[PDB]
Amino acid sequence: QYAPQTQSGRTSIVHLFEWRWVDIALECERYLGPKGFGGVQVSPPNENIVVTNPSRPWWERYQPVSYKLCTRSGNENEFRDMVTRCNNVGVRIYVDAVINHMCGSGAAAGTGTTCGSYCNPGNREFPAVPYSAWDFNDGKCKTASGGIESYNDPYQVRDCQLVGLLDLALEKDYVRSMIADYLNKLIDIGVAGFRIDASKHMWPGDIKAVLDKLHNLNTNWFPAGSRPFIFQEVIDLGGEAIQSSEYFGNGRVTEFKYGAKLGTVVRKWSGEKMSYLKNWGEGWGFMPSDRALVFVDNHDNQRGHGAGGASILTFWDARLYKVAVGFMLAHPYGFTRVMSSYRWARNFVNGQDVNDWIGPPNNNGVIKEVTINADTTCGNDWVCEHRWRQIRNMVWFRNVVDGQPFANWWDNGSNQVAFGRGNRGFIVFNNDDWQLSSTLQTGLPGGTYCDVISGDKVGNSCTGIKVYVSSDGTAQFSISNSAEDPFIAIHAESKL
Ligand SMILES: OC[C@H]1O[C@@H]2O[C@H]3[C@H](O)[C@@H](O)[C@@H](O[C@H]4[C@H](O)[C@@H](O)[C@@H](O[C@H]5[C@H](O)[C@@H](O)[C@@H](O[C@H]6[C@H](O)[C@@H](O)[C@@H](O[C@H]7[C@H](O)[C@@H](O)[C@@H](O[C@H]1[C@H](O)[C@H]2O)O[C@@H]7CO)O[C@@H]6CO)O[C@@H]5CO)O[C@@H]4CO)O[C@@H]3CO
Ligand SMILES: OC[C@H]1O[C@@H]2O[C@H]3[C@H](O)[C@@H](O)[C@@H](O[C@H]4[C@H](O)[C@@H](O)[C@@H](O[C@H]5[C@H](O)[C@@H](O)[C@@H](O[C@H]6[C@H](O)[C@@H](O)[C@@H](O[C@H]7[C@H](O)[C@@H](O)[C@@H](O[C@H]1[C@H](O)[C@H]2O)O[C@@H]7CO)O[C@@H]6CO)O[C@@H]5CO)O[C@@H]4CO)O[C@@H]3CO
Ligand SMILES: OC[C@H]1O[C@@H]2O[C@H]3[C@H](O)[C@@H](O)[C@@H](O[C@H]4[C@H](O)[C@@H](O)[C@@H](O[C@H]5[C@H](O)[C@@H](O)[C@@H](O[C@H]6[C@H](O)[C@@H](O)[C@@H](O[C@H]7[C@H](O)[C@@H](O)[C@@H](O[C@H]1[C@H](O)[C@H]2O)O[C@@H]7CO)O[C@@H]6CO)O[C@@H]5CO)O[C@@H]4CO)O[C@@H]3CO
Ligand SMILES: [Ca+2]
Ligand SMILES: [Cl-]
């Protein structure tokens, strides 16, 4: 449940948010496999309701109507093809499992659904599963509105409707079994694990009873007896009634404190500074490393009013975002997920983006293909952060240094910091408003190394900055505060 089941030596996954299955299959072969990525988190592959007010938002995909594999990302054949092809080049697929609820209680009855299934939300009828009224928690929720009125009461949080979504009676074996049958179909197809959506809104015990029904992973790609990787979405920034430790028995948990705090530090808000990161990880009150799934932003909080609020760093804030993603990927804490986004027209009204609903790039509702430019960037308003040099090389950095201890920390008492990973990697940051120019101990063997932030090692040369390390492990690092990327990283595989 805790082991990611990636190929040996691969240490991150990427959220290819709202990508079509055919484009993910191609990306696995032409890019993710060759560049050392461990796997992909995909958008929910099961049938959802069609929302027309507003027009096809991203979040319609968190409103299930059946477990048929039929969505705007593609159909069941295309999903299978993607899983097979990705696994065949060593890139695992992790599914976003939406299991707490079905669609909105206020939605109209009919067949406005991604595969044409019928449903009647008002009467709690979902004949394509099938579910009926007694498979929901309406009788169990004690609030007058039927919704969550206080997050201080763990019963309401779990038994009542999250933003009006019909809440499944997860205590019942019939419901646990219908969900297990869906997840087991995906496992047998070749999926490696699951994100469990909205885990805060289910009882840890109910989740566990579903997980105990799951198959071992498919032996065409995994060793016999392998269990699916499980990571649960629980938002707990501390001082809440529900704690992320309640879920540790089932698998890993999203550590949302990580991006919220790192965002604040890198922006230098609330008196925070990078020198405080010396004891990052458990030292900051975070969950144990072997239970954590970490990330700078996710698909919800990149829109600026989720967990972390305005502190969250995203691709819109590109320069600081790269700094935060770089720090994350170099630091040993947690298992890392990299975000991959699309661009939308932000429209702020009272510090609130009123266009935060906008769905992926589309022609009249049909998701646009991911086009690849000659310079390796993406077209059609797909951002492709995972293709940015600074991000892809730090993904490789994490592979190269896997297993090596945190070492050789240095700071200037303010916002210049450095550290290494054993004798295989070293990274240096300048987030201060003045020049960094210092000779630091790197822990690496003497030689000339390419900086993998400003360039690449190509043949026997570097395309960006070169760092000469003395026989005693020291090197000079010079970084201006006006550098495009105010950080440098070198590792064992970037040595000439
Ligand atoms: O009246 C025009 C409208 O008619 C039809 O909408 C149906 C819809 O198909 C039904 O399912 C139902 O809608 C329910 C929702 O199911 C329920 O969730 C809730 O909706 C709230 C929304 O969730 C929330 O986003 C907000 O909606 C805003 C919306 O974001 C704006 O974009 C704007 O919506 C306009 C649409 O963009 C436009 O296409 C058209 O919509 C048609 C729709 O295509 C058709 O299927 O006009 C609307 C209105 O300008 O404004 C809305 C409203 O502020 O808030 C809503 C409401 O709380 O509740 C609704 C109502 O039951 O019923 C409608 C028919 O009323
Ligand atoms: O496909 C959905 C569902 O649709 C229909 O259910 C209707 C039904 O037509 C109506 O008669 C009425 O329900 C009746 C029952 O007919 C009657 O038996 C009794 O309910 C009791 C049951 O005898 C008892 O077993 C229990 O039902 C369990 C059931 O054993 C579980 O399997 C699970 O039910 C699921 C079914 O397995 C599944 O096939 C389908 O059911 C059809 C059904 O065939 C069809 O007639 O879905 C349901 C869940 O979606 O859980 C239930 C709940 O425990 O419940 C009681 C024992 O106290 O009396 C009711 C009168 O309400 O209305 C339903 C619509 O809800
Ligand atoms: O149609 C359903 C729903 O779909 C979409 O919800 C998205 C949303 O865009 C994401 O931001 C996220 O929602 C998070 C919240 O960020 C998080 O805070 C929490 O939700 C709590 C709210 O923070 C809190 O304010 C309160 O919500 C009230 C809410 O103020 C009321 O307006 C009412 O909700 C209605 C919405 O106004 C209406 O638009 C629609 O909901 C959409 C939503 O617009 C859309 O973005 O219908 C509901 C009808 O009730 O009531 C609730 C009180 O229940 O408390 C909630 C907790 O209930 O958690 C959510 C979940 O992640 O993700 C969802 C997609 O799931
Ligand atoms: Ca629930
Ligand atoms: Cl998440």
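We count residues from 1, following the sequence as given. When reading the values below, keep in mind they use all heavy atoms of this one structure, side chains included, and skip hydrogens, waters and symmetry mates. Order of listing sets the numbers, starting from 1, for every ligand and every atom in it.
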Step through it carefully: locate the ring centre of [X], locate the ring centre of [Y], and say whether they are under 6.0 Å apart.
| X | Y | value |
| --- | --- | --- |
| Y333 | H331 | no |
| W284 | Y258 | no |
| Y62 | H299 | yes |
| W316 | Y321 | no |

Among all the protein's non-hydrogen atoms, which is closest to [atom], and how far away is it?
| atom | result |
| --- | --- |
| atom 11 (O) of ligand 1 | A108 N, 3.5 Å |
| atom 63 (O) of ligand 3 | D300 OD1, 3.9 Å |
| atom 43 (C) of ligand 1 | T52 OG1, 3.6 Å |
| atom 19 (C) of ligand 3 | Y151 OH, 3.8 Å |
| atom 47 (O) of ligand 2 | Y174 OH, 3.9 Å |
| atom 48 (C) of ligand 3 | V163 O, 3.8 Å |
| atom 53 (C) of ligand 3 | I148 O, 4.1 Å |
| atom 40 (C) of ligand 1 | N53 CB, 4.9 Å |
| atom 60 (C) of ligand 3 | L162 CD1, 3.9 Å |

Would [atom] count as contacted, meaning some protein heavy atom under 4.0 Å?
| atom | result |
| --- | --- |
| atom 25 (O) of ligand 1 | yes |
| atom 58 (O) of ligand 2 | no |
| atom 16 (O) of ligand 2 | no |
| atom 28 (C) of ligand 1 | no |
| atom 51 (O) of ligand 1 | no |
| atom 55 (O) of ligand 1 | no |
| atom 66 (O) of ligand 2 | yes |
| atom 8 (C) of ligand 2 | no |
| atom 38 (C) of ligand 3 | no |
| atom 32 (O) of ligand 1 | yes |

Hey, which atoms in ligand 2 end up nearer than 4.0 Å to a heavy atom of [X]?
| X | result |
| --- | --- |
| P130 | 1 (O), 50 (O) |
| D135 | 49 (C), 50 (O) |
| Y131 | 50 (O) |
| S132 | 48 (C), 49 (C), 50 (O), 66 (O) |

Considering non-hydrogen atoms only, spot the tightest contact between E255 and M287 and give its length.
OE2-N, 3.0 Å
Looking only at heavy atoms, what is the nearest atom pair of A97 and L183, with distance?
CB-CD2, 3.9 Å
Main-chain N/O of [Y] paired with [X] side-chain donor or acceptor, under 3.5 Å:
| X | Y | answer |
| --- | --- | --- |
| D159 | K140 | no |
| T113 | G116 | yes |
| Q352 | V354 | no |
| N46 | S66 | yes |

Below 4.0 Å from any atom of ligand 3, is there a heavy atom belonging to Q63?
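It does; at least one heavy atom falls under 4.0 Å.
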Nearest 0.5 angstrom please: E246 CD to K200 NZ, how far?
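Between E246 CD and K200 NZ, I get 10.5 Å after rounding to 0.5 Å.
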So between [options], whose heavy atom ends up nearest [atom]?
| atom | options | answer |
| --- | --- | --- |
| atom 21 (C) of ligand 2 | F136, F126, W134 | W134 |
| atom 14 (C) of ligand 1 | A109, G110, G106 | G106 |
| atom 5 (C) of ligand 3 | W59, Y62, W357 | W59 |

Describe, in one word, how the ring planes of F229 and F231 are oriented to each other, choosing from parallel (under 30°), tilted (30 to 60°) and perpendicular (over 60°).
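Aromatic pair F229/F231 classed tilted.
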Is the OH atom of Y155 crowded by more than 12 outside heavy atoms at less than 6.0 Å?
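At most 12 heavy atoms, drawn from other residues, nucleotides or ligands, come within 6.0 Å of this atom.
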More than 12 heavy atoms from other groups under 6.0 Å of NZ on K208
no
Residue part near ligand 2, for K172, under 4.0 Å between non-hydrogen atoms
side chain
Contact atoms of ligand 3, heavy-atom distance to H305 under 4.0 Å:
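The list of qualifying atoms is 11 (O).
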Do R291 and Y2 meet the cation-pi criteria used here (NZ or CZ under 6.0 Å from the six-membered ring centre, within 45° of the axis)?
yes
Find out whether the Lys NZ or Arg CZ of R303 is both under 6.0 angstrom from the six-membered ring centre of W344 and within 45° of the ring's axis.
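Yes, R303 lies over the aromatic ring of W344.
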Considering only heavy atoms of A107, which atoms of ligand 1 have at least one such atom less than 4.0 Å away?
16 (O)
In the structure I gave you, are the side-chain heavy atoms of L277 and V417 within less than 4.5 Å of one another anywhere?
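Not in contact.
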